[PDB]
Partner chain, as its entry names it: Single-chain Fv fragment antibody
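Read the single chain below, which is given as structure tokens and is the form solved without the partner chain.
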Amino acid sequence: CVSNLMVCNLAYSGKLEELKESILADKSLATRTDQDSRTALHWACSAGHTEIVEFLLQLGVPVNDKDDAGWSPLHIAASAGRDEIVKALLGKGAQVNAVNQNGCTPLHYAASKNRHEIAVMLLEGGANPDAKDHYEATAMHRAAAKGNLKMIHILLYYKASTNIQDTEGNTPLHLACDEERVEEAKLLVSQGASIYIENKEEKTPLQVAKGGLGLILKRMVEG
């Protein structure tokens, strides 16, 4: 029991049949919002109930409504790893660049939770790989910091920039170097990440690097 509305609880707990009959009794239940401004669709997305989502979508429920924290059903599905729901939601016009109250797009959640298949769906459905959250950080910054190498490859394939600075002036390369993500930093540099950009403490990625990484990257770009 997660919501003050029964339809939300039914959607959450996967009870499609009891949900259909509830809606047959009162159609407005399909889009009635709970205390959190969530409807059945949000909660079906959170729990991964694919068939409930496809039922609600074929009813004609709005697909882009945000709850009281700004999360759209695409946010919830992308972040919980629901591949099939993401796909259905994209097919019904889910907005790939929607942002929540924390400033994140669904791609932000996909990048930092390593949802490779979902990341590709969002990117081929037109997500801006360079969208920035409230700290001017991109999906690449998140992938870089956590050492998510495959995700970096995906973002680069879809032409994500490597040199965008966050509010502290860090690029994804500073973040890789600081967090000791050696192979990610080598990859970034191989695909054009600048070793020259200074952050707000006036340090380049090389001055952030621990160990011997700084020298290895310097040789990669020049000699």
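Positions refer to the first chain, counted from 1. Think of the rigid core as the biggest set of C-alphas that the two forms share within 1.5 Å after superposition.
In terms of root mean square C-alpha deviation after superposing on the rigid core in 7 other deposited structures of this protein, the stretch standing farther out between 44-52 and 24-32 is 24-32. According to the PDB record, 78-86 carries the higher mean C-alpha B-factor of the two stretches 145-153 and 78-86.
Stretches compared: 22-30, 39-47. Higher mean C-alpha B-factor in the entry: 22-30. Per-chain ranking of the deposited C-alpha B factor places residue 14 in the lowest third.
The PDB entry assigns residue 181 a C-alpha temperature factor belonging to the highest third of its chain's modelled residues.
In this PDB entry, residue 91 carries a Cα temperature factor that places it within the middle third of its chain's modelled residues. Per-chain ranking of the deposited C-alpha B factor places residue 187 in the middle third. When the modelled residues of the chain are ordered by C-alpha B-factor, residue 170 sits in the lowest third.
Absent from the display: the form solved in complex with the partner chain. The rest refers to it.
Per the 4.5 Å heavy atom criterion, the partner chain in the deposited complex is contacted by stretch 156-164, the sole one of 156-164, 39-47, 169-177, 24-32.
Against the partner chain in the deposited complex, the set 150, 187 and 191 is in full contact: each member has a heavy atom within 4.5 Å. Contact between residue 83 and the partner chain in the deposited complex is not found at the 4.5 Å heavy atom cutoff. Put simply, residue 68 is far from the partner chain in the deposited complex: not one heavy atom of it is within 4.5 Å. Not displayed here, the partner chain is approached by residue 183 to within 4.5 Å at the level of heavy atoms in the deposited complex. Not displayed here, the partner chain is kept clear of residue 134 by more than 4.5 Å at the level of heavy atoms in the deposited complex. Although the partner chain is not shown here, in the deposited complex the stretch 84-123 places heavy atoms of 87, 117, 120 within 4.5 Å of it, in sequence order.
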